């Protein structure tokens, strides 16, 4: 079946460069291969004949010029795109309303920094808003005791308009593994909503407090290990509470999850999955080191409804404990049109049934995509934390879980990457624990790229570049060394040693991915878009099933980079139009 996807505008962007004005725009999932384009500067056509490629350099444009693009569909020109003004800097700043610092019940002062983001179109005009999580400077890993400041979630238009702020309140602890926020048009009306775990004292964007306003379930460890827990869907445009239910997976006893001090119980993940093959569902998970639960919901016709539960503590589900990562993937792995869940070393079917477990246990990085385009199906590359695991890195059939190849490490392998960086080996290369491999498991040369964090499509070629901290690098495959391509001076990455951008996504312009980094003082987000010309046109990545879902889960726990459902890389085949409709 055709999948619900977003009605997007042209995503037209124009950026001042020394060579003139660089202009790029979207090839929309609704458009055929036969569609061409005309480029207009202030109502004047620039190109003598319609162009195919979705980027263009206007040598004679100026900082005051405005641009439109018109599609040419089966010979006739279509109405103009939305108008685009010229970016006077290589990035676009979104000014932020930095939350005031505070002081914990124990007298610890904290301040706020801009942290993980997501995107959704909350008003339905085809341009994304940014949904930003603020992090207090005393946020905590689950292993660490201590009180934390409130978690704040804001919505911003790209012009800097602050639409709202939600304060999750004292009963939601701050830290990577706590709030996992989903931004998506769940009900299919054309407008995104925001869904996340909430509690008594959560304040919506209109200033209305949920539940028992004054209840305080913080224990002396600064953890919230008792009291009600809620799941709320908020209106994207206003941050208003739409509906709130009791949260599942429910806590039960803290000790059910594998410790009594409050670590394992509060290990959350979340996602958007097309469980019915047509429309989105919401996935909320709890646990992964031992007891593990996953619960699916719909938000449709104004109602939240629970669809299924997978609980490893149920007789027959024992194998589905102890396998999850600090991240997950979502993809149709078995070809039935419906999305499955890649939950670290295990997988869960669209109906909530456990599919397989590799038994290799918990890890910190995960990549699900078409890694080996010579092998039908998707593949999963994963690293493993247990020093005694049979493999420190595993490369597997996404659908069956069969190990295609793996390498024993005998130690915690905390990072792993997948990206087509070497055109001499068909498909995506993978690297971890000091070695680079082909998709077939053949070690390539010696050493690895200088980062093992994100892959990003940045330059004009079909290979994928690397992102880490405030840097984009490109692998010189002939010489076996990384070389810097961009250092975003004045921009900072997030999450300490994880060094993740606020967001990486194809948010605007052509198929290359934008990066959103905070400034060092979090007074702004900067949106960088490439001005490197390309000869290639590809469907906007937000119209790919798997990529779009990757953007939805990018924020969760230990942020991972997004992948396409198809092999995008050197030697790739031309892609057909995505099977989609818009609301």
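Positions refer to the first chain, counted from 1.
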Got a sec? Mean C-alpha B-factor, which is higher, 60 to 68 or 547 to 555?
60 to 68
Tell me which stretch, 120 to 128 or 322 to 330, has the higher mean Cα B-factor listed in the entry.
120 to 128
Maximum C-alpha temperature factor, selected from 344, 401, 149, 316:
316
For 205, 280, 79, 175, the deposited C-alpha B-factor is largest at 79
The third of the chain into which the C-alpha temperature factor of residue 369 falls is the lowest
Of the three thirds of the chain ranked by Cα temperature factor, residue 532 occupies the middle
Going by what the PDB entry lists, where does residue 188 fall on CA B-factor within its chain: lowest, middle or highest third?
highest
Going by the CA temperature factor in the PDB record, which third of the chain does residue 159 belong to: lowest, middle or highest?
highest
Among the chain's modelled residues, which third holds the C-alpha B-factor of residue 415?
lowest
